[PDB]
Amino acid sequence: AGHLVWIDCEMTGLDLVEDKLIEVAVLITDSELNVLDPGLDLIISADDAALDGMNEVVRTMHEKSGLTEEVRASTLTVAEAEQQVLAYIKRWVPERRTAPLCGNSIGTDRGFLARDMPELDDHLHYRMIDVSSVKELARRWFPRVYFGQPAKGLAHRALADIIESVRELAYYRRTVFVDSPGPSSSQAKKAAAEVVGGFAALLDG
C-alpha cells in the first residue's frame, strides 16, 4: 500500500499485433510521491526490419532522442529486461498483486507488458493510477489547472518521461485535491449517502 510502481514504455508503434517493445523505464515512489531510487531505464533490442517499419511520427521521435541507435546496439531481450525490472521492483514491492502500476495513459504500457512480460504483468496489481485521468478531469472541472501544468520536456528517454508523470500528479495533488487527511468519516458517509440517493432511481430503472 505504501508504494507505487511507475513505468513508461517506448515502442515501434501502438499496434499490439505488430509493434515491438524497445524501452522500459521503472521508478518507485512511496504513497506521498517521494521518489525512492533514481530508477531503471532499459533499452531492449529490436531488429532493423522492425525499426524500418515505424511510421514517420514514431521514427522521428526515436531518432531525435537517440533511442533508435541505442536499440540497434543493444543485446537485451524482453525476457532479460523483465527479470531485471521484476527484481528491481521486488526490492520495494516483494509481494505480488499489491502495488498499482502508474503513469500517463498507462493502460497502453500495460498492454505491451501483458503481451511481452507476463510475470511482471502478474506481479503488479491490476489496478492502475492513470495520471491522465486526473488530467482530463482537471481539463473540464478546473481548466486553469489544466492550462497551468508544468511543461514536459523534449528528446529525453523513458525515465525522464515517467519522472515527469510523477511531477504532473504532484502538481494535481497541490491544486485539484483537498488537503489530507480529507473529510471526516461522518462527512464521507454523508457524501456517500447523498450520491446513493441521487443515483437510486436510475439504478432501479
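From 1 onward, residues are counted along the sequence shown.
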Of 19-27 and 179-187, the stretch with the higher mean C-alpha B-factor in the deposited entry is 179-187
Higher of the two mean Cα B-factors (170-178, 48-56; per PDB record) comes from 48-56
For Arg127, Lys135, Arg110, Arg96, the deposited C-alpha B-factor is largest at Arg96
Chain thirds by Cα B factor, record data; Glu80 belongs to the highest
Of the three thirds of Cα B-factor ranks in this chain, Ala73 occupies the highest
Here the Cα B-factor of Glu164, set against its chain, lands in the third termed lowest
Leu120: C-alpha B-factor third of its chain, per the entry, is the middle
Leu86: C-alpha B-factor third of its chain, per the entry, is the highest
